[PDB]
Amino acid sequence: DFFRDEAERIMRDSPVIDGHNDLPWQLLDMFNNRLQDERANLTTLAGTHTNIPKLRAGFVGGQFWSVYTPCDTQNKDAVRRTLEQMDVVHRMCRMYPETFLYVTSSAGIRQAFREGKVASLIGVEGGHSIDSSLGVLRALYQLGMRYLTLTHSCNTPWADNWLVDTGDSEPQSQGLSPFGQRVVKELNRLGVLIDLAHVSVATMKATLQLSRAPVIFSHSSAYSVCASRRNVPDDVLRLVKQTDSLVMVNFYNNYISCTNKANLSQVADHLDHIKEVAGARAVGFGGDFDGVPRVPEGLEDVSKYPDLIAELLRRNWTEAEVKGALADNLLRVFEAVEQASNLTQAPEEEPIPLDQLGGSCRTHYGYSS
């Protein structure tokens, strides 16, 4: 097919930079992070949407590996598990240096491309990973964190999640609390991409107005095509365009077709909508592979990407528009976030108020007057 052949042509020069893959979660749940276990060899790994040959076959040259710890680890062992999940990614890149190239910069991604290696970055999914600490946040940054999904499927003491918009979770901060604002301010100062996937609409809006740099939705689709609260509504998409942000499309069937069954065409519909409402420089991929149970027909795994690009081409997307959805838009936003960073600027050090910290798993040293 001409279009599939064209997809591959463009992809050899502009590999796909995906914004959210939950393989590290699989490595933990399946092998307790024991990478030397034989069933855990990534060149032969089966039962997952991802593995080395599939990444190569799908022309994936950059991946934000999701460092994820469930919501029930908040106020428990969220910080410890986050560090473990960051460790497995560090190790994965050392065990397979011929494949993965661990990076923490926009320039690093371009280097991986040059070397024919899959750029591997870390994306921390959920604000509960920092346990309301600016110091943990700075520690994660040093450990490689390059994007922080403010929340996951649960409220933090300083940011509300999407379940607030479905009625399941009660609005706590109604967007960002004053400490949440300092978190956002610290993220900008550090040069960490602010990810708005999983947050409530109030938080999306609060952060888009507040953030000094372009934000992202690492794995979110269009609310107009599928009315999921995990999806981005049109008024927000207009904020996305206004700020020159980025929305990285999620392939999960239930966010694509709003039902269990979905296909490659419906995913292209989401990409088309975002492209008209938010503009072409606001579209990207954040498949959510290995994080979701159901993936689209035609988009079974990480090797199916070229087929999705062929469809875009079939639909008359220009080469510039697809290359932008492939890697360029992410690189634009990443560079912006880096240019907006100011490390010589005094870090945020005002802790969250004690009355806002939660759980029965902490001590109160430092707090007094």
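Residue positions are given as counts along the sequence shown, with the first one as 1.
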Between 38-46 and 25-33 (mean CA B-factor, as deposited), the higher:
38-46
So 10-18 or 343-351, which one's hotter by mean CA B-factor in the entry?
343-351
For the CA B factor values reported in this entry, which option in 151, 211, 169, 82 has the top one?
169
Considering only 135, 116, 144, 126, which residue's Cα atom bears the greatest B-factor as recorded?
116
Which third, lowest, middle or highest, does the C-alpha temperature factor of residue 64 belong to within its own chain?
lowest
Split the chain's modelled residues into thirds by Cα B-factor; residue 257 lands in the highest
Give the position of residue 336 by CA B-factor within its chain, expressed as the lowest, middle or highest third.
middle
For the chain shown, is the CA B-factor of residue 217 in the lowest, middle or highest third of its modelled residues?
lowest
Lowest, middle or highest third: where is residue 182 by Cα B-factor in its chain?
middle
